[PDB]
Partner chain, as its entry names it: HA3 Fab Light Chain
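Before any questions on how it binds or moves, here is one chain, the form solved without its partner chain, in structure tokens.
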């Protein structure tokens, strides 16, 4: 919906490194990924949704449809299968690969976009705001 559409700047991050350790990201790459403050750009054209994050080195983007499974190569190079849904006003994305799975939840909170990444027990919280 039009609730997520826009450009966002990151403002906070919590327990991100432990979330990364849990998914198996390499030391040099976690250390790197945590030193940057990405921008999240979300838009929609018809029934097609787009999310792209800019960074001073790593830049990615995904184009998908709700409730339709697709193939994704993450920023950290994992070949996963994604399925994104609209569960009660929140964009719920589930990535699954090699028997494991993680869930990324995007939801509005006033003038902020709250993102919560979870990997069996560990949760990281990143708060965004418009730009």
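Positions refer to the first chain, counted from 1.
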note = Stretch with higher mean Cα temperature factor, 45-53 vs 78-86, is 45-53
message = Test of understanding: from the entry's C-alpha B-factors, which stretch has the higher mean, 16-24 or 114-122?
response = 16-24
request  = Among 106, 96, 37, 65, single out the one with the highest C-alpha B factor in the record, please.
outcome  = 37
ask   = In this PDB entry, which of 69, 72, 61, 32 has the top CA B-factor?
value = 32
B-factor third for the C-alpha atom of residue 131 within its chain = highest
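The form solved in complex with its partner chain is left out here; the points below concern that form.
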task = Mark residue 105 yes when one of its heavy atoms lies within 4.5 Å of a heavy atom of its partner chain in the deposited complex, and no otherwise.
result = no
inquiry  = Is residue 25 part of the interface with its partner chain in the deposited complex - any heavy atom within 4.5 Å?
reply    = yes
task = Quick one: name the residues from 84-111 with any non-hydrogen atom within 4.5 angstroms of its partner chain in the deposited complex.
result = 100
